[PDB]
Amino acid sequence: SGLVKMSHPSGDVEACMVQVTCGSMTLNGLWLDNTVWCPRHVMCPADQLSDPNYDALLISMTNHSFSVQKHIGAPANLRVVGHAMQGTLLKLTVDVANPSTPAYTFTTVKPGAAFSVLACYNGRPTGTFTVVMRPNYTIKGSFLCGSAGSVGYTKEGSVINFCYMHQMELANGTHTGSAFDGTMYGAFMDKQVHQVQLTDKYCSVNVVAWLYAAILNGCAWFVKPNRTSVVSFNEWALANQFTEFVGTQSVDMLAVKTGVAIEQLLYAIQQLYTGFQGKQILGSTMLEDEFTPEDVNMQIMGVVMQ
């Protein structure tokens, strides 16, 4: 029992992290097979970060402009033998294939989805934490200068989905990055100018998951027979900066396990949003929305008599 924020074991991703340098600038990259991925802003002199001309920067490079180091973990000696730009990322080709390349995909994640982040500096894995892709296409992380190129991922069995490469900080504790197709989440630009940030929202389906976790952990004071339909809830959500609730198999499994209907927790959310009545839920006195239905199912896993 218990529900806490937890991340995937990081070892197989740690074996893929490298340091990438372009002249005077250094950041992190991800080595898979004969490719190293990194932020294209490694090419940009400090004094040009407010208005980079990335096409001109790329033209100015040769394969010799870049180096890749891996001194940490299983060491490797790598030479850059090709370079290309794909959106907001560089795709470097190296002469040695990573001998510990995991089975992987590159698939962009949607808001409300959680992933593990391996925060790195100078190619050294430093910490790991879990974030949720927010409704405004930011993540709420902990990153300092030099963390660009840190990666985010999920795992399903042995298959890793690489979904995030860190780029920038927008505001205190507010971050964003690229998907591995080279697009930036939220269409933010890798340019240091002001950029519009849409308002964040509570992720309704995750709040529902957390309340189910609470019930499964013997905290059910907020359950009443009162229901709010998914339709009425969604109408309310549009007025109260909650996301649209979309039910899933994962949420349905929690409803079956607890015997409490989704609609009972939608009603509970509307009430708890106005106040917790001097009470706590799983040690919190405010709504929690970064525990997904999948995370709760994994943490409260049980055999089922049939």
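Residue positions are given as counts along the sequence shown, with the first one as 1.
Peer 1: For at least a third of the other PDB entries compared, is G11 missing from the model even though its neighbours are present?
Peer 2: Result for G11: often missing, at least a third of the compared entries.
Peer 1: Using only the Cα atoms and their B-factors as the entry lists them, report which of 97-105 and 74-82 averages higher.
Peer 2: Result: 74-82.
Peer 1: If you average the CA temperature factors over each stretch, which comes out higher, 247-255 or 275-283?
Peer 2: The deposited B-factors put 275-283 ahead on the C-alpha mean.
Peer 1: Just the C-alpha B-factor column, please: which of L266, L32, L27, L57 has the biggest number?
Peer 2: The record points to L57.
Peer 1: Looking at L49, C38, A261, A237, which has the biggest Cα B factor in the entry?
Peer 2: Within the set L49, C38, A261, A237, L49 shows the top C-alpha B-factor.
Peer 1: Can you work out whether the C-alpha temperature factor of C22 puts it in the lowest, middle or highest third of the chain?
Peer 2: Answer is highest: the recorded C-alpha B-factor places it there.
Peer 1: Among the chain's modelled residues, which third holds the C-alpha B-factor of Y137?
Peer 2: Ranked within chain, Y137 CA B lands in the middle tercile.
Peer 1: Would you mind ranking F222 by its C-alpha B-factor against the rest of the chain and naming the third, lowest, middle or highest?
Peer 2: It belongs to the middle third of the chain when residues are ordered by C-alpha B-factor.
Peer 1: With respect to C-alpha B-factor, does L211 fall in the lowest, middle or highest third of the chain as deposited?
Peer 2: CA B-factor rank for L211: lowest third.
Peer 1: According to the PDB entry, is the CA B factor of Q167 in the bottom, middle or top third of its chain, that is, lowest, middle or highest?
Peer 2: Lowest third of the chain for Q167's C-alpha B-factor.
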